[PDB]
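Have a look at run.txt below; it lists compact mmCIF, C-alpha atoms.
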```
# COMPACT_ATOMS: atom_id res chain seq x y z
CA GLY D 1 79.02 101.43 59.34
CA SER D 2 79.80 103.99 56.64
CA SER D 3 79.53 103.89 52.84
CA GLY D 4 83.19 104.77 52.39
CA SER D 5 82.73 104.74 48.62
CA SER D 6 82.41 100.96 48.90
CA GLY D 7 79.99 98.40 47.51
CA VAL D 8 78.37 100.21 44.60
CA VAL D 9 80.46 99.77 41.45
CA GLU D 10 80.44 100.93 37.83
CA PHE D 11 79.10 104.33 38.88
CA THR D 12 77.95 106.98 36.41
CA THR D 13 78.82 110.67 36.76
CA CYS D 14 77.71 110.44 40.39
CA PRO D 15 77.57 113.64 42.48
CA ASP D 16 79.87 114.40 45.41
CA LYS D 17 78.98 114.14 49.10
CA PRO D 18 77.09 117.12 50.60
CA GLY D 19 78.38 119.43 53.32
CA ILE D 20 77.50 120.02 56.96
CA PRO D 21 74.78 122.62 57.65
CA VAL D 22 75.37 125.72 59.77
CA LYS D 23 75.11 125.04 63.50
CA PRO D 24 71.53 125.50 64.77
CA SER D 25 71.03 128.80 66.61
CA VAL D 26 68.21 130.18 68.76
CA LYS D 27 65.47 132.16 67.02
CA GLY D 28 63.18 134.49 68.95
CA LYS D 29 62.70 134.02 72.68
CA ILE D 30 63.56 130.86 74.61
CA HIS D 31 60.62 129.95 76.85
CA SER D 32 60.71 127.71 79.92
CA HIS D 33 60.65 124.48 77.92
CA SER D 34 59.96 125.53 74.33
CA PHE D 35 62.29 127.28 71.88
CA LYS D 36 62.70 127.42 68.10
CA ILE D 37 65.99 126.76 66.31
CA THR D 38 66.94 127.74 62.76
CA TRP D 39 70.07 126.69 60.88
CA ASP D 40 71.41 128.55 57.84
CA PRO D 41 71.80 126.68 54.52
CA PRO D 42 75.10 125.29 53.18
CA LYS D 43 77.14 128.14 51.69
CA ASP D 44 79.22 125.56 49.81
CA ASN D 45 76.94 122.67 48.88
CA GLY D 46 78.74 119.86 47.08
CA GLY D 47 77.52 118.35 43.83
CA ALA D 48 74.24 117.39 45.49
CA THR D 49 70.89 119.08 46.09
CA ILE D 50 69.60 118.98 49.67
CA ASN D 51 66.70 116.57 50.10
CA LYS D 52 65.62 116.94 53.72
CA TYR D 53 66.80 118.54 56.97
CA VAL D 54 66.63 116.05 59.84
CA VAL D 55 67.40 117.18 63.38
CA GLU D 56 68.04 115.36 66.66
CA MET D 57 67.86 116.22 70.36
CA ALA D 58 69.50 114.66 73.41
CA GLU D 59 69.12 115.01 77.18
CA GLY D 60 71.50 117.84 78.04
CA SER D 61 75.12 116.68 78.20
CA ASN D 62 74.95 113.37 80.05
CA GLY D 63 72.77 110.62 78.63
CA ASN D 64 73.73 110.00 75.01
CA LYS D 65 70.30 109.73 73.39
CA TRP D 66 69.54 110.95 69.87
CA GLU D 67 66.08 110.44 68.37
CA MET D 68 64.33 112.03 65.39
CA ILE D 69 62.23 115.01 66.46
CA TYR D 70 61.54 116.80 63.18
CA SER D 71 61.55 116.05 59.45
CA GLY D 72 61.01 118.23 56.39
CA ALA D 73 62.51 121.15 54.50
CA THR D 74 61.80 124.23 56.61
CA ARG D 75 65.12 125.25 58.17
CA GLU D 76 63.38 125.86 61.50
CA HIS D 77 61.65 123.59 64.02
CA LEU D 78 60.22 124.11 67.51
CA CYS D 79 61.86 121.82 70.06
CA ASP D 80 59.00 121.16 72.47
CA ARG D 81 58.79 118.72 75.38
CA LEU D 82 61.81 120.42 76.95
CA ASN D 83 62.74 120.90 80.61
CA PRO D 84 63.37 124.23 82.38
CA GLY D 85 66.61 124.79 84.27
CA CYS D 86 68.34 122.01 82.36
CA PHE D 87 70.78 121.44 79.50
CA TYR D 88 70.01 120.14 76.00
CA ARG D 89 72.13 118.97 73.07
CA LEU D 90 70.97 119.34 69.47
CA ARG D 91 72.49 118.60 66.06
CA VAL D 92 71.36 119.40 62.52
CA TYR D 93 72.33 117.68 59.27
CA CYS D 94 71.41 117.61 55.58
CA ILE D 95 70.37 114.57 53.56
CA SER D 96 71.07 113.99 49.87
CA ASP D 97 71.45 111.27 47.24
CA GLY D 98 74.74 110.56 48.99
CA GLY D 99 72.97 109.78 52.25
CA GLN D 100 73.55 111.92 55.33
CA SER D 101 76.86 113.65 56.08
CA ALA D 102 78.63 114.52 59.32
CA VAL D 103 76.39 116.31 61.82
CA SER D 104 76.82 119.87 63.09
CA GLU D 105 78.36 120.73 66.46
CA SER D 106 76.24 120.22 69.57
CA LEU D 107 73.89 123.12 70.28
CA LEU D 108 73.89 123.61 74.06
CA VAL D 109 70.87 125.68 75.09
CA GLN D 110 70.13 126.24 78.78
CA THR D 111 66.47 126.78 79.64
CA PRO D 112 65.30 129.30 82.28
CA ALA D 113 64.35 127.74 85.61
CA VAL D 114 60.91 128.99 86.66
CA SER D 115 60.36 129.82 90.33
CA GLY D 116 58.26 126.82 91.30
CA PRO D 117 58.12 123.60 93.34
CA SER D 118 60.49 120.68 92.72
CA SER D 119 59.83 117.92 95.26
CA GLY D 120 56.80 119.14 97.18
```
Written as structure tokens, how would this file's structure read?
Amino acid sequence: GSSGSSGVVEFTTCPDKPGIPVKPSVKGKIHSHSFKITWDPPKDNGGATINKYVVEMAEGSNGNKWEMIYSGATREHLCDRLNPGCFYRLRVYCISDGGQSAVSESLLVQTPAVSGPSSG
């Protein structure tokens, strides 16, 4: 479940839990099925120093499916393998000594539907 300040005992001047990163926004031009997203850093970071910025992507609205897509420091990753004329949910979060904290709102980005065949 959640740490809930449980388990670990006899702590020692331990830092506080980090904060949620700024919702991921679109950067540049959103192509058919390929767009980059960059999230601003925490304006009020707790008593912890960011360690890594992990992001997740899900199939539009319906179909709750979140799987790691990027990992590193750069506050910007290209979400490839997308689908045109469809929805997509994304969420960014920061990781620190105190594990990961609540995720950012869902970033709904609609891709442009190219004029092409569907069924054939």
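Between residue D:84 and the residues D:37, D:103, D:109, D:8, the shortest atom-to-atom distance, using all atoms listed in the file, involves D:109.
Of the listed residues D:2, D:96, D:87, D:74, the one whose atoms come nearest to residue D:40 is D:74, with distances taken using only C-alpha atoms.
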Contacts of residue D:3 at 10 Å (all atoms listed in the file; same-chain gap of 4+ positions) as number ranges by chain
D: 7-8, 98-99
Limited to C-alpha atoms, could you put the picked residues into a file as a PDB file, keeping the file's coordinate frame?
```pdb
ATOM      1  CA  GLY D   7      79.990  98.400  47.510  1.00  0.00           C
ATOM      2  CA  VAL D   8      78.370 100.210  44.600  1.00  0.00           C
ATOM      3  CA  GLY D  98      74.740 110.560  48.990  1.00  0.00           C
ATOM      4  CA  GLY D  99      72.970 109.780  52.250  1.00  0.00           C
TER       5      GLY D  99
END
```
Pick out the residues sitting within 10 Å of residue D:89, and hand them over as a ChimeraX atom specification; count all atoms listed in the file, and ignore anything fewer than 3 positions along from it in its own chain.
/D:56-62,64-66,105-110
With C-alpha atoms retained, write the just-selected residues as a PDB file, in the frame of the given file.
```
ATOM      1  CA  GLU D  56      68.040 115.360  66.660  1.00  0.00           C
ATOM      2  CA  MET D  57      67.860 116.220  70.360  1.00  0.00           C
ATOM      3  CA  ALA D  58      69.500 114.660  73.410  1.00  0.00           C
ATOM      4  CA  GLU D  59      69.120 115.010  77.180  1.00  0.00           C
ATOM      5  CA  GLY D  60      71.500 117.840  78.040  1.00  0.00           C
ATOM      6  CA  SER D  61      75.120 116.680  78.200  1.00  0.00           C
ATOM      7  CA  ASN D  62      74.950 113.370  80.050  1.00  0.00           C
ATOM      8  CA  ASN D  64      73.730 110.000  75.010  1.00  0.00           C
ATOM      9  CA  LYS D  65      70.300 109.730  73.390  1.00  0.00           C
ATOM     10  CA  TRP D  66      69.540 110.950  69.870  1.00  0.00           C
ATOM     11  CA  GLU D 105      78.360 120.730  66.460  1.00  0.00           C
ATOM     12  CA  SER D 106      76.240 120.220  69.570  1.00  0.00           C
ATOM     13  CA  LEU D 107      73.890 123.120  70.280  1.00  0.00           C
ATOM     14  CA  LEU D 108      73.890 123.610  74.060  1.00  0.00           C
ATOM     15  CA  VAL D 109      70.870 125.680  75.090  1.00  0.00           C
ATOM     16  CA  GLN D 110      70.130 126.240  78.780  1.00  0.00           C
TER      17      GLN D 110
END
```
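Taking atom CA of residue D:94 and atom CA of residue D:13 as endpoints, the distance between them is 21.4 Å.
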Find the residues of stretch 35-100 of chain D that sit at most 10 Å from stretch 17-26 of chain D; for each, write down the nearest two atoms and how far apart they are in Å, to one decimal. Count only C-alpha atoms. Sort by chain, then by number going up, and give it as a Markdown table.
```
| residue | atom | partner | partner_atom | distance |
| --- | --- | --- | --- | --- |
| D:35 | CA | D:26 | CA | 7.3 |
| D:36 | CA | D:26 | CA | 6.2 |
| D:37 | CA | D:26 | CA | 4.8 |
| D:38 | CA | D:24 | CA | 5.5 |
| D:39 | CA | D:24 | CA | 4.3 |
| D:40 | CA | D:22 | CA | 5.2 |
| D:41 | CA | D:21 | CA | 5.9 |
| D:42 | CA | D:21 | CA | 5.2 |
| D:43 | CA | D:21 | CA | 8.5 |
| D:44 | CA | D:19 | CA | 7.1 |
| D:45 | CA | D:19 | CA | 5.7 |
| D:46 | CA | D:18 | CA | 4.8 |
| D:47 | CA | D:18 | CA | 6.9 |
| D:48 | CA | D:18 | CA | 5.9 |
| D:49 | CA | D:18 | CA | 7.9 |
| D:50 | CA | D:18 | CA | 7.8 |
| D:53 | CA | D:21 | CA | 9.0 |
| D:55 | CA | D:24 | CA | 9.4 |
| D:75 | CA | D:24 | CA | 9.2 |
| D:76 | CA | D:24 | CA | 8.8 |
| D:90 | CA | D:24 | CA | 7.8 |
| D:91 | CA | D:24 | CA | 7.1 |
| D:92 | CA | D:24 | CA | 6.5 |
| D:93 | CA | D:21 | CA | 5.7 |
| D:94 | CA | D:21 | CA | 6.4 |
| D:95 | CA | D:18 | CA | 7.8 |
| D:96 | CA | D:18 | CA | 6.8 |
| D:97 | CA | D:17 | CA | 8.3 |
| D:98 | CA | D:17 | CA | 5.6 |
| D:99 | CA | D:17 | CA | 8.1 |
| D:100 | CA | D:18 | CA | 7.9 |
```
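For the pair atom CA of residue D:29 and atom CA of residue D:119, the interatomic distance is 27.9 Å.
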